[PDB]
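Two forms of a single protein chain come next, each set out by itself as structure tokens; they are called structure 1 and structure 2.
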Structure 1
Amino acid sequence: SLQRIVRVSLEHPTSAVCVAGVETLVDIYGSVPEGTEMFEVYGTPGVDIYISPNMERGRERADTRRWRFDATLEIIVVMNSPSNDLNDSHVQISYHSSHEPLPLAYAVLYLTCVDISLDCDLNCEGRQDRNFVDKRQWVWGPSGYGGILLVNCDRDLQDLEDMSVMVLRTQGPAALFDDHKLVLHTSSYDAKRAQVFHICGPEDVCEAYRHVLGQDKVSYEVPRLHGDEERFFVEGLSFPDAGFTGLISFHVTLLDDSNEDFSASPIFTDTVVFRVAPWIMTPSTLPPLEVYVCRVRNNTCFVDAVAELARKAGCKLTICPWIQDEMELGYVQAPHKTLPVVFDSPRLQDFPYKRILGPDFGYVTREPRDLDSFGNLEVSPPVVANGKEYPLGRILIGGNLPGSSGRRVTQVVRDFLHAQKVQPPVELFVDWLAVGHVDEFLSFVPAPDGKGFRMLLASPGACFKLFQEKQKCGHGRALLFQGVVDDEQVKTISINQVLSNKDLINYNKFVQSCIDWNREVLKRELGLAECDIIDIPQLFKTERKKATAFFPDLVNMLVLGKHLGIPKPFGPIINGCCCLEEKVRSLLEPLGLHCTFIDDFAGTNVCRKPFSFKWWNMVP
């Protein structure tokens, strides 16, 4: 355990402070008297005294017999309860010889015990057998521990509910603190990443929580106002980034400043270590809570369809004065509160997130060092791949090909995503698309069996097979885009005409290969097999040299639990029904999913429930 040396003198008594539970090694400054053969030790009640050979572990009570003198023996003193008054306990070491009855000499040590401890919620409910916890460490995993700090605003009232509580216990005689001081401190590095408010009055006044640790404040002398304990409120100010691993440490040090002719000296130090909760993305397989549609007027059809879908799913709907391309809705999590946090990047000014999104919403942003769209960013369901477990899924980044002059995801955003460390990113090939969003060829829907989900991929090959099957069944003259309402630039085309267009078929073969590259990347990096993948029939055309959807992109869907909002494809009408819609239904309805095809020919984002898996139980 912890040990501290206190020296005593044969010539005069000594006074010292011992922290409750800390072992005090007591020894004299000079030499024992000549002729010393034996020694005895005594303590007042409440003072535990042990002896131990300095080369052996373990100890035994020392106050019950006369010992043979041996310089290699150590005298250990422990007090477990704080003193009521200064120097209310003492220890005496008496050195003896067999020739005279009185001690040759003796040393007296007066003792004042204080109980000093700096503690936070270590989140050790059932994780690491409390009291065998190194308070200087933060340990990941299902057998770890450590305090958690939430950051609800990072641009680089009664907000106390989001802060983390830090308690300083200072039991002891008040007069001691006339010559001893408690210093709460943190490094300047950590200081510019978090701040601390000390409550100096009732819990109802807003100006009683005084800012004691902050940017330039790296140390603070604690006044003992509220008797035996002082409460502090820690507020995180920065998410983990390329230069910040997320750990924040606070220390308290008891300093002996009684010697006016000497300098101050430390007697005891305690430490609390927080980890900033990372920003976590939510895949489309998590249950929805609120759907956000942002920028459309004169588009009551879209709003009404999204509202009907949300009512069928059971989640609320909110309209705000785009939200899916310049914003991503994640969350931060602590044992005491879960906060949704929006990551913003407007391809500006201070965004009012507490009113547009909600009162319990956080905000994080990153300015470039010199993102195109958050459609370049998705995240997978929980997966296992290459022996490594990813209980919060993996972020999916659609970047640009090596050697290209343009960049889709700036370096600062990639650094932020990797610094969250809980959703290790996977790079995808999207340069073949005209826009280049991951959702244009990829989607995740919940499923009752297998891995609990299916990965949907746009597939020109599946559409080839569907059209060949329909042609063999005598429906080759069925017309695509027949269900559209007679527009001047919407010309119908038959299954035969599509299958006979060599340029279109060859281009869709190329697009299928482009998607196959990502298919194998995802199978390797998400540990997926073919039975986890559903190929959605989807054709593409060339917005010259880049791909765009031939008919509305079926996989670019809105997933609200088991209810799907799917763009209406306007495919070939066979027996008065769209065979593309029928194929999608035959593929997805067996999974218990409900398909709603919405007429699509401006942005939608969903706030979802967090993962059931707690991020601090992960081992990255």
Structure 2
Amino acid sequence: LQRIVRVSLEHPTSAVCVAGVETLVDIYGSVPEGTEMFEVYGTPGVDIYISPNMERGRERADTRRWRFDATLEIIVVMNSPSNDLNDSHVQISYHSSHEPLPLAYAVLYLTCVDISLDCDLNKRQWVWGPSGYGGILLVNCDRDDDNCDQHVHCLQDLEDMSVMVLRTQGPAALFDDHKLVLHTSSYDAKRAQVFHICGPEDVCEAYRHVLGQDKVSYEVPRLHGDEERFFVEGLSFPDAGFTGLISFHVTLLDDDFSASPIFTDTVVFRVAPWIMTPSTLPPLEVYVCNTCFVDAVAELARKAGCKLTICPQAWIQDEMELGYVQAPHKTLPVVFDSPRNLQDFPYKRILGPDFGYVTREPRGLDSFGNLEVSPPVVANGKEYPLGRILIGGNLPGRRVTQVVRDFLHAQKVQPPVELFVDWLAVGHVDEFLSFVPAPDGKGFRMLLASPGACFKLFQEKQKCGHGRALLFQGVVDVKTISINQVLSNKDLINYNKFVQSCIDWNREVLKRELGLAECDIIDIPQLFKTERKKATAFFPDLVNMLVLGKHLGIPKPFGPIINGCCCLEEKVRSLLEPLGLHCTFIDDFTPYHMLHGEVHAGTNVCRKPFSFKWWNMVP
């Protein structure tokens, strides 16, 4: 930031300078004939330095008589603003050893103005990492009384916005001749809005809209003087056409010909992305939708300590995903609404005061049951301290809509991983994949449904003489079946082997992309049926469970009874309770299992946001 101002030996030169900015001083054309030395003097508050044009260092210049040298340069800096027009002046006298009087004088009158646009940097760049800085802008997609109005007709809406301060110290008469403009690119204008305060902090009409869809420039009138306040709100989440950076500029113009800019200052905001929460984080609220299932959900939520929302609106986990957007001023949860259409339930009953709304309509096999996220991992040499997004798809060669894929990919904080779920009838990730908190290892355990685990369990209990134990025994009458009938069913075993191979492909992809080992994976017994189509749960799917910290709700599998207790439940306990978890089995055969869904496919959860702040993610 350097501005060259040249002076004249025949007349004084007048210049307006910004505080802190260095000004190099030179002249138009040659020095007096016999010039051998020079002196330079400055008004109090004006710093003058001598420096070789090749040297990084500076040196005070108003204390000596310097031998003339065209390779030297004088720098003038004023850290404080002026009080009147032409407050200060710099005087350069040219001396010789022939006559005792100065050969000539060069006078530069200076008016210092302090103009700077600033925000909370937590001026021209936004950097990731532990050494990061920059303003973070929320989207404000909630209802406090919001992202649609052109006014600020609310009392706590400003708590979601970001503050911007324009310091405009200086003499008042200067602004009779100069002009201040706050502007932004029309592209950035179509992505955020700003409001200028006039009736400070009391009335909602005080905040007047000055930059928006049509407005790309606003002349700040300096109502308060030497300082103006602006409240900025983002209008768009990052997507395939929006990198996520919004820059605002302030310009001082010398107003003949036209207005000409003399100084420009910038503030660059980054739009905070949408973040998902895995089942490993502590829960906040349980959401549920005849039903002797809400009773068990309420009991388990009370045992876990979470409020519950009941809805008579007729699959609450397929329609919406509960995430959050975090900023240093406020971190509010935001709901993503699935393109499947409970189509009105998010917009109506979920948009609380601090609860934002985002959705992507493609105008459809994909729902937010197929949308999950892993715990923090380390893989491919990189770190993912907020986990990675897990979605469904096919192998290279039935995919989620491209709008949702681009939206998830563009958040940059949880790099998504595509899996193989096409082989399933409905096609949700939570049909074969789940996560659970573990007190050892990598802090968690990945639960995968394995037909081979059911093979091992049934064969082991059959070698003891319990092959005549009946599955689906204690249900409302569908067709009871024994262990010997299942193990000797050739087609069922072959199809479950195919399912196991699909889940093995997904297992290897998971171990690769999440950097997990075998000691972190737990195989849960689960068999699958087929009606000349894709795969559905034979007995209630166990991995499709709700996980609230220490308490997990698992669908009652109604497996073969050996000692008066379902041995599938005993295997689930022997696999999960060593991790300290409490296994509560819910009767989920009458309301949901016949309709291709389980508890996790009928119960949604909000979680505590991550402790790791996303600006340090270093994507």
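For numbering, take structure 1's sequence and count from 1. Between two forms, the rigid core is defined as the largest C-alpha subset superposing within 1.5 Å.
A 2 Å or larger CA shift between structures 1 and 2, after fitting on the rigid core, occurs at just one of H211, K465, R231, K354, namely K354.
Annotation for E530: C-alpha shift under 2 angstroms between structures 1 and 2, rigid core superposed. Positional change of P101 between structures 1 and 2 reaches 2 Å or more at the C-alpha, relative to the superposed core.
With the core superposed, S31 shows a C-alpha displacement of at least 2 Å between structures 1 and 2. Superposed on the rigid core, the forms differ at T14: its CA is offset by 2.2 Å between structures 1 and 2.
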